[PDB]
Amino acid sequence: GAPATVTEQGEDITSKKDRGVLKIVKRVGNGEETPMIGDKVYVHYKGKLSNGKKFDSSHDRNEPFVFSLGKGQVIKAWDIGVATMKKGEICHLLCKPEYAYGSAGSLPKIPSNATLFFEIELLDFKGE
């Protein structure tokens, strides 16, 4: 399925080239521009654990998730992955725990040492 495919066929987007975040572009976005550090970014996403369970979805909330890019307000994989995206792009990200929640995990649903799968849509970005 999609998690296996990004695991086996994804592109390493890390600056360390440590395989910690792998990406596949699913829907090509618009233009060439990617967001700027500090921009307000608006995303829709769904996240799955490696046991197949969905642990989060903004679609199910009927509102996007908003954060300031490159500030550590989200897991490292999202700061580095969203920075690669164009407006309107949809990608898959396969994130090792060192770029996610590490040994701590995150209650209620994310265990220790978890590799995570996300589908992310970059809806918009704006400098404030």
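The numbering used is simple: start at 1 and walk along the sequence shown. Between two forms, the rigid core is defined as the largest C-alpha subset superposing within 1.5 Å.
Higher-deviation segment by CA RMS in 4 other deposited structures of this protein, core fitted, 24-32 or 68-76: This comes out as 24-32, the stretch further from the shown form in 4 other deposited structures of this protein.
Comparing 103-111 with 116-124, which has C-alphas lying farther from the shown form in 4 other deposited structures of this protein once the core is aligned? The more displaced stretch in 4 other deposited structures of this protein turns out to be 103-111.
So 102-110 or 115-123, which one's hotter by mean CA B-factor in the entry? Taking the mean B-factor of the alpha carbons in each, 102-110 is higher.
Per the record, averaged over C-alpha atoms, which has the higher B-factor: 26-34 or 39-47? The stretch with the larger mean CA B-factor is 26-34.
Out of 92, 76, 54, 96, which residue has the highest Cα temperature factor in the PDB record? Top of the list by C-alpha B-factor: 54.
By the recorded C-alpha temperature factor, relative to the other modelled residues in its chain, which third is residue 64 in? Middle third.
How does residue 12 rank on Cα B-factor within its chain, lowest, middle or highest third? It belongs to the lowest third of the chain when residues are ordered by C-alpha B-factor.
For residue 88, return the chain-relative third of its C-alpha B-factor as stated in the PDB record: lowest, middle or highest. Ranked within chain, residue 88 CA B lands in the middle tercile.
Divide the modelled residues of the chain into thirds by Cα B-factor and specify which third, lowest, middle or highest, holds residue 72. For residue 72, the deposited C-alpha B-factor lands in the highest third.
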